[PDB]
Amino acid sequence: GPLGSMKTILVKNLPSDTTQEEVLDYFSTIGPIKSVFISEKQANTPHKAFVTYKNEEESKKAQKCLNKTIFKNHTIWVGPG
């Protein structure tokens, strides 16, 4: 699609001690990633991170392939930014 922001997806529920490199490694299974942002923790809210893919085709596939997968010992949710 035409909007570059779409290449950035939201990852919910990563463990609090997860590193940016670990996110890179896990999400790079789908395709190349430009950047990883682990957001500051919001009060009373699950952890959130944003992964920006090089290609929208791969960000879409990541949502399908990685939603409700098990990252170490946490289930994670993956969807649109």
# chains A, B, ... in the order shown; residues from 1 in each chain; ligands from 1

call {"tool": "select_by_dssp", "arguments": {"residues": "segment 37-78 of chain A", "states": "alpha helix (DSSP H)", "output": "CSV table (one decimal) with N, CA, C and O atoms, in the first residue's frame"}}
result
chain,number,residue,atom,x,y,z
A,56,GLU,N,6.3,-3.8,3.1
A,56,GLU,CA,4.9,-3.9,3.6
A,56,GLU,C,4.4,-5.4,3.5
A,56,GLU,O,3.7,-5.9,4.3
A,57,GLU,N,4.9,-6.1,2.5
A,57,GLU,CA,4.5,-7.5,2.3
A,57,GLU,C,4.9,-8.3,3.5
A,57,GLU,O,4.2,-9.2,3.9
A,58,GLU,N,6.0,-8.0,4.0
A,58,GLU,CA,6.6,-8.7,5.1
A,58,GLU,C,6.0,-8.3,6.5
A,58,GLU,O,5.8,-9.1,7.4
A,59,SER,N,5.6,-7.0,6.6
A,59,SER,CA,5.0,-6.6,7.8
A,59,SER,C,3.6,-7.3,7.9
A,59,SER,O,3.2,-7.7,9.0
A,60,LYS,N,2.9,-7.4,6.8
A,60,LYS,CA,1.6,-8.1,6.8
A,60,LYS,C,1.8,-9.6,7.1
A,60,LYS,O,1.0,-10.1,7.9
A,61,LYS,N,2.8,-10.2,6.5
A,61,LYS,CA,3.0,-11.6,6.8
A,61,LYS,C,3.4,-11.8,8.3
A,61,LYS,O,3.0,-12.8,8.9
A,62,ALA,N,4.1,-10.8,8.9
A,62,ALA,CA,4.5,-11.0,10.3
A,62,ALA,C,3.3,-11.0,11.2
A,62,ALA,O,3.3,-11.7,12.2
A,63,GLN,N,2.3,-10.2,10.9
A,63,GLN,CA,1.1,-10.2,11.7
A,63,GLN,C,0.4,-11.6,11.6
A,63,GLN,O,0.0,-12.1,12.6
A,64,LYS,N,0.4,-12.2,10.4
A,64,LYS,CA,-0.2,-13.5,10.3
A,64,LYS,C,0.6,-14.6,11.0
A,64,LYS,O,0.0,-15.5,11.6
A,65,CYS,N,1.9,-14.5,10.8
A,65,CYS,CA,2.8,-15.6,11.2
A,65,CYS,C,3.2,-15.6,12.7
A,65,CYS,O,3.6,-16.6,13.3
A,66,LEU,N,3.1,-14.4,13.3
A,66,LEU,CA,3.7,-14.2,14.7
A,66,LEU,C,2.6,-13.8,15.7
A,66,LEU,O,2.9,-13.8,16.9

call {"tool": "residues_around", "arguments": {"residues": "residue 48 of chain A", "least_positions_apart": "6", "cutoff": "12 Å", "atoms": "only C-alpha atoms", "output": "list in words"}}
result
residues 9, 10, 11, 12, 13, 14, 15, 16, 18, 23, 36, 37, 38, 39, 40, 41, 42, 76, 77, 78, 79 and 81 of chain A

call {"tool": "select_by_dssp", "arguments": {"residues": "segment 3-76 of chain A", "states": "strand (DSSP E)", "output": "PDB file with N, CA, C and O atoms, in the first residue's frame"}}
result
ATOM      1  N   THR A   8       5.135  -0.534   9.915  1.00  0.00           N
ATOM      2  CA  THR A   8       5.408  -0.597  11.346  1.00  0.00           C
ATOM      3  C   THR A   8       4.260  -1.288  12.030  1.00  0.00           C
ATOM      4  O   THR A   8       3.119  -0.840  11.927  1.00  0.00           O
ATOM      5  N   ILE A   9       4.572  -2.374  12.730  1.00  0.00           N
ATOM      6  CA  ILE A   9       3.575  -3.164  13.420  1.00  0.00           C
ATOM      7  C   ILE A   9       3.739  -3.096  14.925  1.00  0.00           C
ATOM      8  O   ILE A   9       4.806  -2.797  15.437  1.00  0.00           O
ATOM      9  N   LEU A  10       2.639  -3.363  15.617  1.00  0.00           N
ATOM     10  CA  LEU A  10       2.585  -3.335  17.072  1.00  0.00           C
ATOM     11  C   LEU A  10       2.687  -4.740  17.628  1.00  0.00           C
ATOM     12  O   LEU A  10       1.934  -5.635  17.233  1.00  0.00           O
ATOM     13  N   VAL A  11       3.637  -4.906  18.542  1.00  0.00           N
ATOM     14  CA  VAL A  11       3.870  -6.155  19.249  1.00  0.00           C
ATOM     15  C   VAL A  11       3.561  -5.938  20.726  1.00  0.00           C
ATOM     16  O   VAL A  11       4.215  -5.140  21.403  1.00  0.00           O
ATOM     17  N   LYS A  12       2.562  -6.662  21.218  1.00  0.00           N
ATOM     18  CA  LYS A  12       2.122  -6.524  22.602  1.00  0.00           C
ATOM     19  C   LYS A  12       2.532  -7.740  23.419  1.00  0.00           C
ATOM     20  O   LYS A  12       2.412  -8.877  22.947  1.00  0.00           O
ATOM     21  N   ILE A  33      14.259  -5.905   8.684  1.00  0.00           N
ATOM     22  CA  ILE A  33      13.726  -4.901   9.571  1.00  0.00           C
ATOM     23  C   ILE A  33      14.640  -3.701   9.587  1.00  0.00           C
ATOM     24  O   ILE A  33      15.852  -3.842   9.670  1.00  0.00           O
ATOM     25  N   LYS A  34      14.039  -2.525   9.493  1.00  0.00           N
ATOM     26  CA  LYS A  34      14.774  -1.272   9.556  1.00  0.00           C
ATOM     27  C   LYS A  34      15.019  -0.829  10.988  1.00  0.00           C
ATOM     28  O   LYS A  34      16.094  -0.335  11.321  1.00  0.00           O
ATOM     29  N   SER A  35      14.005  -0.943  11.836  1.00  0.00           N
ATOM     30  CA  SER A  35      14.152  -0.471  13.199  1.00  0.00           C
ATOM     31  C   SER A  35      13.234  -1.194  14.167  1.00  0.00           C
ATOM     32  O   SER A  35      12.212  -1.765  13.780  1.00  0.00           O
ATOM     33  N   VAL A  36      13.623  -1.135  15.435  1.00  0.00           N
ATOM     34  CA  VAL A  36      12.881  -1.725  16.526  1.00  0.00           C
ATOM     35  C   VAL A  36      12.770  -0.673  17.625  1.00  0.00           C
ATOM     36  O   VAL A  36      13.767  -0.080  18.036  1.00  0.00           O
ATOM     37  N   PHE A  37      11.555  -0.440  18.100  1.00  0.00           N
ATOM     38  CA  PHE A  37      11.308   0.481  19.189  1.00  0.00           C
ATOM     39  C   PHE A  37      10.557  -0.227  20.310  1.00  0.00           C
ATOM     40  O   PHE A  37       9.435  -0.688  20.123  1.00  0.00           O
ATOM     41  N   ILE A  38      11.188  -0.323  21.475  1.00  0.00           N
ATOM     42  CA  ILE A  38      10.520  -0.848  22.663  1.00  0.00           C
ATOM     43  C   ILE A  38      10.028   0.338  23.462  1.00  0.00           C
ATOM     44  O   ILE A  38      10.811   1.147  23.934  1.00  0.00           O
ATOM     45  N   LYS A  48       4.509  -2.834  25.080  1.00  0.00           N
ATOM     46  CA  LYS A  48       4.338  -2.614  23.653  1.00  0.00           C
ATOM     47  C   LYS A  48       5.669  -2.302  22.977  1.00  0.00           C
ATOM     48  O   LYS A  48       6.515  -1.588  23.523  1.00  0.00           O
ATOM     49  N   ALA A  49       5.831  -2.845  21.780  1.00  0.00           N
ATOM     50  CA  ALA A  49       6.984  -2.547  20.944  1.00  0.00           C
ATOM     51  C   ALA A  49       6.507  -2.365  19.522  1.00  0.00           C
ATOM     52  O   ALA A  49       5.455  -2.868  19.160  1.00  0.00           O
ATOM     53  N   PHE A  50       7.287  -1.643  18.727  1.00  0.00           N
ATOM     54  CA  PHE A  50       6.956  -1.383  17.338  1.00  0.00           C
ATOM     55  C   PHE A  50       8.127  -1.803  16.468  1.00  0.00           C
ATOM     56  O   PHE A  50       9.274  -1.422  16.723  1.00  0.00           O
ATOM     57  N   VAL A  51       7.817  -2.630  15.473  1.00  0.00           N
ATOM     58  CA  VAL A  51       8.811  -3.172  14.575  1.00  0.00           C
ATOM     59  C   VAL A  51       8.533  -2.645  13.184  1.00  0.00           C
ATOM     60  O   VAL A  51       7.431  -2.775  12.669  1.00  0.00           O
ATOM     61  N   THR A  52       9.537  -2.019  12.586  1.00  0.00           N
ATOM     62  CA  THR A  52       9.375  -1.424  11.277  1.00  0.00           C
ATOM     63  C   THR A  52      10.105  -2.252  10.225  1.00  0.00           C
ATOM     64  O   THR A  52      11.339  -2.306  10.207  1.00  0.00           O
ATOM     65  N   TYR A  53       9.321  -2.894   9.359  1.00  0.00           N
ATOM     66  CA  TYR A  53       9.837  -3.706   8.266  1.00  0.00           C
ATOM     67  C   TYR A  53      10.243  -2.851   7.086  1.00  0.00           C
ATOM     68  O   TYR A  53       9.751  -1.748   6.894  1.00  0.00           O
ATOM     69  N   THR A  69       1.971 -16.048  18.985  1.00  0.00           N
ATOM     70  CA  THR A  69       3.082 -16.962  19.151  1.00  0.00           C
ATOM     71  C   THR A  69       3.721 -16.780  20.515  1.00  0.00           C
ATOM     72  O   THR A  69       3.448 -15.810  21.229  1.00  0.00           O
ATOM     73  N   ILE A  70       4.574 -17.738  20.869  1.00  0.00           N
ATOM     74  CA  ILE A  70       5.185 -17.799  22.176  1.00  0.00           C
ATOM     75  C   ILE A  70       6.620 -17.354  22.059  1.00  0.00           C
ATOM     76  O   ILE A  70       7.435 -18.005  21.407  1.00  0.00           O
ATOM     77  N   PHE A  71       6.890 -16.207  22.678  1.00  0.00           N
ATOM     78  CA  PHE A  71       8.199 -15.566  22.684  1.00  0.00           C
ATOM     79  C   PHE A  71       8.780 -15.881  24.050  1.00  0.00           C
ATOM     80  O   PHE A  71       8.332 -15.337  25.064  1.00  0.00           O
ATOM     81  N   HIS A  74       6.244 -15.962  27.045  1.00  0.00           N
ATOM     82  CA  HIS A  74       5.089 -15.082  26.890  1.00  0.00           C
ATOM     83  C   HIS A  74       4.410 -15.272  25.550  1.00  0.00           C
ATOM     84  O   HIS A  74       5.064 -15.240  24.519  1.00  0.00           O
ATOM     85  N   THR A  75       3.089 -15.389  25.559  1.00  0.00           N
ATOM     86  CA  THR A  75       2.324 -15.219  24.343  1.00  0.00           C
ATOM     87  C   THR A  75       2.366 -13.754  23.969  1.00  0.00           C
ATOM     88  O   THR A  75       2.201 -12.896  24.828  1.00  0.00           O
ATOM     89  N   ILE A  76       2.552 -13.475  22.689  1.00  0.00           N
ATOM     90  CA  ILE A  76       2.560 -12.110  22.191  1.00  0.00           C
ATOM     91  C   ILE A  76       1.481 -11.921  21.145  1.00  0.00           C
ATOM     92  O   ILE A  76       1.073 -12.869  20.470  1.00  0.00           O
TER      93      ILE A  76
END

call {"tool": "atom_distance", "arguments": {"atom1": "atom CA of residue 73 of chain A", "atom2": "atom CA of residue 32 of chain A"}}
result
24.5 Å
